[PDB]
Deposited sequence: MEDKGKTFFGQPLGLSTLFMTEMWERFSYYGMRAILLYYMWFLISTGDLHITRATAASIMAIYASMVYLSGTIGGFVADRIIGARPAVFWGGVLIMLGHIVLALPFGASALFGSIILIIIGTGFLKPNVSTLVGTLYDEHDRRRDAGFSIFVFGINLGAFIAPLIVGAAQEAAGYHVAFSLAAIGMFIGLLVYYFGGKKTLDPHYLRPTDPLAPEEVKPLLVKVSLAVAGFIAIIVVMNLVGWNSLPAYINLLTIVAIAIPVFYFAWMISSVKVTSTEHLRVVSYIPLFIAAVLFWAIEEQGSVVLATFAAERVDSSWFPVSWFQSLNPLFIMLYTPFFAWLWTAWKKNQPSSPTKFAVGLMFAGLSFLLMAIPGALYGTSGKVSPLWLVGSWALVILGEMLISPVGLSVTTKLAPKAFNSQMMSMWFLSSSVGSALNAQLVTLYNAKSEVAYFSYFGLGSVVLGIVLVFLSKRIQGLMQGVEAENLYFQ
């Protein structure tokens, strides 16, 4: 009878929950770099703009990493429904912290809250969407597509609204709007969830057995102790600047898949695991370029574009806009393309090439016009158009090609975005007006080349 776009009514609740959470997240992301610039300009924040860019990237890296952990905590300890609720509460607090009359001193607390909160909420709302359907329900894929539409919608409207609020009423009010966005999500989630969600998910579905508690405690304790020890040694040898800590986090984020790879390669489907390395690197490099949209392209938007008549943060709406515009087209495409549809490794290769082209495009205005003036907003429009085209090729088959090639390596796909952002934490420090053309050219061309490399390797990989 009555449905939400053909789906169970409970999808409306989760749709709105994620829409408003993504609203809060991308609303914050769209103005946070500019906020740090402001704090730097007033002498409140004693870092370079390069470091501010680095912060944005490592922030994203840790958000993605945290998301690979939240599912475990919900499934084994607190339950998916409380994970979403309390995750949302932490996220809201994270935005409230930036709305308070503080300056740079509140940045770290806000970042930590949102990292933990998003880690709790993001994997677990997706889990709850699954719970709406039986195993044999063929509506499942349609339901997730609608859910993703809500995600992109929140991501789309947030820079517009939060960016406009920032211009009108300042950063603290704008950040409060992000907080209010999460609050709306929590309201709908809490009261809507009670109506449609299975009570089963109020509790962990795979609770720790009695003998499992101590080994988990030891595991967590040793990890924390090791991490703290590393920080201690860092401060003793004088490696205690902010870039030093960012480097530590970069190393951690990259070492986790590296250790996974070394583990699987050591421990004869050995060929498959090795075959995934080029795909994983391609994913990492793609996500690096895609995630630079809120950092390097955001910098370009503010410094190099004729945008005096609208909030420059609005450029961040282009990424989810193009995802929304492309999605129904590629949905039709992969069904219509019956004969000789490209393999998943081929999609990765071409996807990386489009990401490469998105940067090669951005090298053109500086090379043609110089880098001291300002250029058309359409250069950025074209860039996002290209990189998102790449996303349509690599993202829908990413988890698929990883699974078909089990629980540890599955997480590596989600880790690719974390690793890409960790790489960005290093790379974006190289971007400035002087290096602009070389930056876009070099990393653009590199991605295209590595895409061409993957094309040659596509035949061998598809067989495994």
Stretches with no C-alpha atoms in the model, relative to the deposited sequence starting at 1: 1-4, 272-276, 415-419, 479-490
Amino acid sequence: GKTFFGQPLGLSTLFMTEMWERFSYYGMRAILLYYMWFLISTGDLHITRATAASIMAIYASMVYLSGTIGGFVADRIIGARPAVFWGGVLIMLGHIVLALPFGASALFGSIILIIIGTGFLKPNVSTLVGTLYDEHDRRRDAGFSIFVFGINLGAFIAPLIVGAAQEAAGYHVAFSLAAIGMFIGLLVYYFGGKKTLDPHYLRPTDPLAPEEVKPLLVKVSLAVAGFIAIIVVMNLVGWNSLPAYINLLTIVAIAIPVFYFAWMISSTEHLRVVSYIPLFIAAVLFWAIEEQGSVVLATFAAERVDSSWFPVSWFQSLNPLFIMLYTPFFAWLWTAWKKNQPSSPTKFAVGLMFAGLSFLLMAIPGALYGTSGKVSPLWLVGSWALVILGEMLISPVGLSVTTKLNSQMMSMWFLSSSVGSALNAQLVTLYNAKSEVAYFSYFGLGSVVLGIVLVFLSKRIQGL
From here on, numbers count along this sequence of modelled residues.
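Heads up, when I say rigid core I mean the largest set of C-alphas that superpose within 1.5 Å between the two forms.
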Which of 328-336 and 309-317 strays further in 9 other deposited structures of this protein - Cα RMS after rigid core alignment: 328-336
Greater Cα displacement in 9 other deposited structures of this protein once the core is superposed, comparing 76-84 with 137-145: 137-145
Residue 49 dropped in a third or more of the other entries: no
Coordinates absent for residue 427 in a third or more of other entries: no
Which of 240-248 and 145-153 has higher mean CA B factor, as the PDB entry lists it: 240-248
Selected stretch [higher average CA B-factor]: 218-226 or 87-95: 218-226
Most elevated Cα B-factor in the entry, residues 302, 256, 375, 111: 256
Options 385, 283, 165, 262 - largest CA temperature factor per the record: 262
For residue 395, the third of its chain into which the C-alpha B factor falls: highest
Third of the chain's Cα B-factor distribution that residue 203 belongs to, per the entry: middle
Record-listed C-alpha B factor of residue 185: chain third: lowest
Third of the chain's Cα B-factor distribution that residue 234 belongs to, per the entry: highest
Among modelled residues of the same chain, the CA temperature factor third for residue 29: lowest
